[PDB]
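Visitor: Let me see the structure of the following:
(8 chains, ligands or ions: 1)
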Amino acid sequence: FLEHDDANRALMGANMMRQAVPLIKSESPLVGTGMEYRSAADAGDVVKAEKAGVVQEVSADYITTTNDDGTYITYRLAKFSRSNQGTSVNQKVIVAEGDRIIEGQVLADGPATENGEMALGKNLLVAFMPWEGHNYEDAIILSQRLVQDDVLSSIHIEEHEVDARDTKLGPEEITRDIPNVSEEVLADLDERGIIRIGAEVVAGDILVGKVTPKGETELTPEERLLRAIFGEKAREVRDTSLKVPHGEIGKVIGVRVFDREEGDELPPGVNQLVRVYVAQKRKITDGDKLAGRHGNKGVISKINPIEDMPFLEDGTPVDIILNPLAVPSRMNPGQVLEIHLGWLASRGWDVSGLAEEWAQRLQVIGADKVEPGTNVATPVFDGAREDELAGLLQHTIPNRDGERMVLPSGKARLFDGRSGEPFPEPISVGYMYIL
Amino acid sequence: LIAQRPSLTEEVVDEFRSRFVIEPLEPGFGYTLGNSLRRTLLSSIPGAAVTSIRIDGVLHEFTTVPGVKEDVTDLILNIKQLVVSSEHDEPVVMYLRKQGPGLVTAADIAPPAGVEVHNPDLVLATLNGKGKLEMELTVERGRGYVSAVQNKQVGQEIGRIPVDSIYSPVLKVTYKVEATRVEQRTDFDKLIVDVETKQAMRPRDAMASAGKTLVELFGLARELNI
Amino acid sequence: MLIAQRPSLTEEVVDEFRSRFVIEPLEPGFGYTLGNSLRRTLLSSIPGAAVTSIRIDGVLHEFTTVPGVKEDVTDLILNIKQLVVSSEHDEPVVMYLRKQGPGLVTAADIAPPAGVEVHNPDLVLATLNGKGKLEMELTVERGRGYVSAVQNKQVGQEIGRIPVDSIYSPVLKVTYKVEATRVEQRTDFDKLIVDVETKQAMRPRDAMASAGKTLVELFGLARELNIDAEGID
Amino acid sequence: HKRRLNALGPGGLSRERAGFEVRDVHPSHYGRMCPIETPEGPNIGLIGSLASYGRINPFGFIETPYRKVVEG
Amino acid sequence: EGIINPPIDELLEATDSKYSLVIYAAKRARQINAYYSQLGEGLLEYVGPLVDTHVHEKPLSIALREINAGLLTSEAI
Amino acid sequence: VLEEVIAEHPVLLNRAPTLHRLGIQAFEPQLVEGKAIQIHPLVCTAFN
Amino acid sequence: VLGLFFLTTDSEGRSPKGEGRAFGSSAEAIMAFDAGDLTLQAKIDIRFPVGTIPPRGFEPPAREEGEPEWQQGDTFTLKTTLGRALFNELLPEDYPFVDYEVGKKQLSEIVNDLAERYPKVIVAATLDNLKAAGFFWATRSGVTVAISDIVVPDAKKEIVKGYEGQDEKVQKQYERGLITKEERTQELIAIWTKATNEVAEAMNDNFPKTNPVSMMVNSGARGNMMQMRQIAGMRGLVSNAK
RNA sequence: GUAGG
Ligand SMILES: [Mg+2]
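Guide: Numbering: from 1, shown residues only, chains lettered A, B, ... in the order given. Shown next is the structure:
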């Protein structure tokens, strides 16, 4: 629905469509342009097969295919390897075991991908109405259900390393014998002074133990006396071990080591290099930026429990609130079309023998009988006309009790979660993609 | 002027959904009554859920188990919505073991006595002919939501991993009001509260517990006065 | 399971009729249930008595003017509904007021029948010019909550009688606000501050005790489903 | 980021060199550049993505496919 | 229990300015903070808090309390 | 201890453009979970 | 400010049920409001307890009596809405009653008055109360946006085709060379300036005052007239490069 | 360099 959008906000959306982070589980948008499939396919993140045969083995680590000719090819799926910006490049598997394959057919989705189609976020049930100022100046309110079901949760893999270098005084050493330290600090480390795999870390945790070769130590009078009283030996070797930088958290997922004397080559001086992967699962929390396709972007300001959501007639809560004051001034009414079409897509429609102009247009287009949840396509400049939206809305399948739950106006009855009184007038509700 | 005390009646629409009607309610009460009932039922309700698991040959949730197309994290998401009922207040241990090619299921899981899964048809993952799944589960009981971050207590057992869990087995609640046939200006409203819940527990006992909680709170409010 | 801290209702008095009630921190997300429910039942469910209709001597329903009185009829309706009456007959009763001469006719000056007490005699009802002439009879009926004035054919039965709004609630208004508190290094706790404005007849805390008992009954009605236990204290 | 046309660079237009005229859209943009999208910062419009069907002339111009029309 | 608890207008009319009030209250705050940080010398020039004080307190709050009380006086050199 | 010490100690909030003197504004601190400053909606328009 | 404007609104904002009645006190008015018989936007009579300063314009008028009266600070009835009462109650007691719609400009005026005449602490408390009530009533207002909310004028198509009709006749009298291209451009831009002005006025006439976009633009909340013109009416003339 | 202000 770009045609109904001010260019300024379309520019904002297009610039904000290159920054969506993938999530644990990707889902294709319910409403969106029909070109997304090609955009996903041409990008190299997806893994497609070069032959048309029958898959022989389907495993997360690898997928084996055998063409009728006889060539066997095993695609290795990258798993949880750091990207350029530090997001997982996890890759799923879609094809079954015995299913026939065609050349170029998608075998495994990439990040932010689903069934070979682009999926840069998820789709939320959403309603337009102010709410106690917790959506003032276009701040956002989202239900705790997103905190509950990892609907918006993203992996983050950080990698940082340390180097053993032969300085003028001597060589640096990696070891579990760090000097001038407690015992428990070096608890989970390895034999050679490396953190094990799986050991969670916090700020100050020791990842790899490194010690300076030596240094000219003129021990001070006060320190001299202190050592004499406690009978401890200050040794020229000095601690230079790696520590987590302040304000961090994560589980170690992989560790790599390269060594000079070993067959691996290193730059001059550096004797050993160690890289550590620390990974976390950041859940959607206060302060996380968030934005719709049309450019409505805000910082989450509060996450109420599932009850305080202004819930709807059948008890479905709303998963996000939005400040309506935006959409007039920003001159970007595409999103109201989008939300209505999303509600339409969630609840299927049946149109047969209606003899209406819009009904005739769908029948000739063929999009007449639609089951609930099946996706839809609205090309950028040949999208759905408002008349089509109105007719389809008037002919939505009854979700429950044989009643259509949204009024023909596109507004429905909201029951305040906290007060319980039904809201004085209906409110607009639908399903919009969010990133 | 007329005095009429509330009267509750029940009806069942599905094996796990029921509608409960209270007609004598004062005007402009059924809404607040239904709201408090709904919120309390969702907020608090005893329940059981898996709380932390262990996988042989795996040291973190990020890696993958050979033999499954599903990575470990996919298994986390599969189990988080697994629904269980546990009678024991203290943690219990459950085991999932599967070999050969085929689907792994909740039914396949080894149930300890007094701990019962309630969604056997749920599929958790699939194994190849070469695959092997071995899994330890911890079944704890609680209420509401508990994230894995506060659910971690063992640091030495790196094999163990926490999982955020959901206890409340109620799915959704919806209340409606009407007008009573009684001839008067007040026009007493008729509240009807429909509750649908997961397979763990019947809605009747769920709202029995909710009433227990709320009546406790208001007994606290009243008795402490006068 | 057990609530980390048990709540404990407490009082803060600023006037014999105005009061504030505070709830010691509570399970998060519960504050709005309790406070809203309390608000509704305390405003409405508690019973009481109020006037129901009024009849001035020698006037018609369309004839809004009343001779011999400086004030009009409408302000008299406001003043009489402002009056609080405590009755228990459970059926309509009639109170009379027959006064003459110039001066001021007040609630003190009213002569009530048996079984009915007027709590506030201080209120001035009318100011008379010249001869008083005042003769007025009004109907009181116990009721529940608030009822809008309705036409019961009393005007048809006698042209003088007219309907009037009645306030059965012994309370006037309640304003409940929820705020956040920090306990055991956790901020997930909601204190309730409920300010009750009540008339002189009833003491507010007694009314809220009655309201709590009523809700306790209405929610013990749920125990009939089954017996279940929840962590508490 | 594959298909961007970065006008900033050596032997070419520089950030300080920018003017009103270069940044704005021109009637030849149709099919040769998406006039909608560009970084919002000081380099407004100087960077732009290629059009959807744009193909590259061997000399270095950008061609656009057009359907043929005859006698209506 | 907050910054605004002493209203400003009384202090302003007391000191007949805004900036003079700031420097004067700050001088008093410094004096009292020096007093609490004596830790034993007991210099006669230093003076304790004229108004009652909490177990833990910010000195400048007590300075402002004194000024609002109006008991403490100023005079330029 | 931190919750004890912060009260009655001003903090200057301040935005980057700082066009006019309403850029720098003193406030009382108050702890809150999450990782974001909170702010009082009335003063927001002074900062722009 | 949308909430406050929704609150201090004249009639017709809804079906004014329960209008034309008198109430003893604002408390019993709120009781009726909860009862649902009355609507917040409904002209009624209300009393006021003593100490309620009356409107500045209400100072000359007073109640009818043969004895001296001082209604500047005693009980007085007044014709107004529950909303205006609530809005006064937010304001401090000593402030005279305000009975006119607040919108945006008037709110700034009264805030200036308060900041001028009153101490700072009262100003802060009053602003805080205003904020709380404003958010609450914005929640209750029900402002939204929807496809039926923004209604295109019915007349537009007709008028524009007529205007378009004009256009092509000029083009015809240009294809014979009877007019220069420059003169054609000037007369076309004039014609379409007229057309867009007329369509803007038409749309301005069509929309009712109850729909949310009108409520928020008129309140001074957000937006301005031409945004509505180009979301509902045609954009009109724009500018090419240079 | 490139994103946000
Ligand atoms: Mg900004």
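Visitor: Can you show me the strands along chain F?
Guide: For chain F, applying DSSP state E gives strands covering F:11-14, F:24-27.
Visitor: As a markdown table, the ones you listed with distance to residue G:41 and mean neighbour count would be great.
Guide: Placement of C-beta: from N, CA and C, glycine included. As requested, those are exported to a markdown table (distance: least, CB to CB, whole Å; neighbours: other CB atoms under 10 Å in any protein chain shown):
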| stretch | distance to residue G:41 | mean neighbour count |
| --- | --- | --- |
| strand F:11-14 | 39 | 12 |
| strand F:24-27 | 37 | 13 |
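Visitor: Turn these into a markdown table, columns for distance to RNA strand H.
Guide: Below are those laid out as a markdown table (distance: least, CB to the nearest atom of the strand, whole Å):
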| stretch | distance to RNA strand H |
| --- | --- |
| strand F:11-14 | 12 |
| strand F:24-27 | 16 |
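Visitor: Next, the contact list for the spatially closest residue to residue G:26 that is not a sequence neighbour, please.
Guide: Excluding the flanking residues, the one nearest residue G:26 by CB to CB, 6 or more residues apart in numbering or on different chains is residue G:85, at 4.9 Å. If you count contacts by CB atoms under 8 Å, 6 or more residues apart in numbering or on different chains, residue G:85 has them with G:26, G:29, G:46.
Visitor: looking at the residues you listed, which has the most residues close by?
Guide: Greatest neighbour count in the contacts of residue G:85, by other CB atoms under 10 Å in any protein chain shown, goes to residue G:29: 23 neighbours.
Visitor: Now do the SS call for that residue.
Guide: Under DSSP: H, G, I helix; E, B strand; the rest coil, residue G:29 falls in the helix class.
Visitor: Name the nearest of the contacts of residue G:85 relative to chain B.
Guide: Using CB to the nearest CB, the shortest approach to chain B within the contacts of residue G:85 belongs to residue G:29, at 15.6 Å.
Visitor: Surely the closest one touches residue G:38?
Guide: Yes - Residue G:29 is within contact range of residue G:38, at 7.3 Å (criterion: CB atoms under 8 Å).
Visitor: Look up the residues that both of the two are in contact with.
Guide: Common contacts of residue G:29 and residue G:38 (CB under 8 Å, 6+ apart): G:44, G:82.
Visitor: Residue A:325 and residue G:215 touch, don't they?
Guide: No - Residue A:325 is beyond contact range of residue G:215, at 10.8 Å (criterion: CB under 8 Å).
Visitor: With neighbour numbers in mind, choose between these two.
Guide: Neighbour totals were compared for residue A:325 and residue G:215, and residue A:325 leads with 24 against 19 (other CB under 10 Å).
Visitor: follow-up on the earlier one: go through the strands of chain F and name the closest to residue C:101.
Guide: strand F:24-27 (66.6 Å; CB to CB).
Visitor: Distance check, the most centrally placed residue in chain F against residue E:6.
Guide: Central residue of chain F (CA atoms, centre = their mean): residue F:13, 4.1 Å from the mean position. Here the criterion is CB to CB, to the nearest Å. By it, residue F:13 lies 22 Å from residue E:6.
Visitor: Next: residue D:33.
Guide: Computed as CB to CB, the residue D:33 to residue E:6 distance reads 64 Å.
Visitor: do the same with residue G:157
Guide: The spacing between residue G:157 and residue E:6, counted by CB to CB, is 67 Å.
Visitor: now do residue A:169
Guide: For residue A:169, the distance to residue E:6 - CB to CB - is 62 Å.
Visitor: same deal with residue G:41?
Guide: To residue E:6, residue G:41 is 42 Å away according to CB to CB.
Visitor: more crowded one of those two?
Guide: residue G:41 (19 against 16).
Visitor: Was I right to think the more buried one contacts residue G:14?
Guide: Yes - with contact defined as CB under 8 Å, residue G:41 counts as touching residue G:14 (6.2 Å).
Visitor: What residues does chain G have near chain C?
Guide: When proximity is defined as CB under 8 Å from any CB of the partner chain, chain G approaches chain C at G:22-25, G:27-28, G:30-32, G:34-35, G:37, G:45, G:47, G:64-66, G:77.
Visitor: Take those residues and keep only those in strands.
Guide: Among the residues of chain G next to chain C, the members falling in strands (DSSP E) are G:22, G:23, G:45.
Visitor: quick one: the helices in the chain?
Guide: Assuming you mean chain A. In chain A, the segments counted as helices under DSSP state H are A:7-15, A:36-42, A:145-149, A:221-230, A:326-329, A:334-346, A:357-365, A:386-394.
Visitor: if you could check chain E rather than the one you did, that'd help
Guide: Along chain E, counting by DSSP H, helices occupy E:8-15, E:19-36, E:59-69.
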